[PDB]
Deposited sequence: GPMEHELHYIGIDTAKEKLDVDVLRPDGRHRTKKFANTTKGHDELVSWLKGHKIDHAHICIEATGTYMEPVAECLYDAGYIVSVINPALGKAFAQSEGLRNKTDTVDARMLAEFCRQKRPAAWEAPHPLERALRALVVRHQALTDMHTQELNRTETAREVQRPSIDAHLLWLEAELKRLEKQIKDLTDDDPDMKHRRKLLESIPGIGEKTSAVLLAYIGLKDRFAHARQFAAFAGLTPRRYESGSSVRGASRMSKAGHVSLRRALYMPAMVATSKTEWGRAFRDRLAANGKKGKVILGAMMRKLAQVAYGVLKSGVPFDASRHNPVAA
């Protein structure tokens, strides 16, 4: 008696498409609002829909409250990568894109593919991720202003200098904020301490890795976490896939340089690939993938980085 529901989301309104077991549809649109979300649940309970599998695109801020609302109401929620949604529309040979079309498409996606259920993240996991990506935003702004000092006019330098001081101070207090968060929870404190034991990974990288791994082991294999960062190769003469979080992939590049240059186990890996005629950037690409796997490996193991296991 499982219903299949699809929800296209916008800032202002939601479009809901219920696909019944019999095969008929029920469609209704709601305000993307706490009130509106309460109406949606009542409307589903209205038609005696208790068992259902809702499917939503991952479009960010505007779809998160309703996903949580329905999850709490006790329905199976799936939050799918939008690129899959696009490919699925093309596979269904659809000739229009509208909100009611999308909602209907998502209900079909849900039925045909039966996606894995979505788990709402832990409030600490959300907190840490928010701080980390904020820290990245400020770093980018600091780097922009540093570039400007190179070719600044003398009348502009007072302004740039002032801003650089502000940004430096802000980055410090936010680094402390991140440290306080991980220290307060005994699990995150332990896991972060493990991550830092890896030579090539320090205070900054550990916090980024921990923001995406979380405080649970959600991946079956370390290789999957490497794929999740978009670091595993793809035949397309193979290239780095880049199908994954950019925040992870940007965070591991300097760790990879420090590893292949300054560490024993890194230099070992660098030397071996260099023998096979691999280029510098190619080796860094490979080491980024390796750091990701070891990071997840070490946490799953639960014991500090053992060098014996490498080289």
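Going from the first residue of the deposited sequence to the last, where are the unmodelled runs?
-> Several stretches lack coordinates - namely 1-5, 242-249, 325-328, in sequence order.
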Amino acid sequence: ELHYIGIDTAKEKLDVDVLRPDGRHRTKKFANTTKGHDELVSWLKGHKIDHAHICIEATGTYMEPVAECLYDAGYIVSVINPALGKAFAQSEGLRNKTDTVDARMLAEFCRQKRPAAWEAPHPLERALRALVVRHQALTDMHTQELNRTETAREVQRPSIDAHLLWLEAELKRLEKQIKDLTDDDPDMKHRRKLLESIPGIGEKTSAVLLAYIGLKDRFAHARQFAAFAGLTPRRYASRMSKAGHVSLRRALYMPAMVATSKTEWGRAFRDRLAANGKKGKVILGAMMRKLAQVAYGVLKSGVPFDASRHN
From here on, numbers count along this sequence of modelled residues.
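Check whether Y236 has no coordinates in at least a third of the other compared PDB entries of this protein, counting only entries that model residues on both sides of it.
-> It is, since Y236 is left out of at least a third of the other entries that model both flanking stretches.
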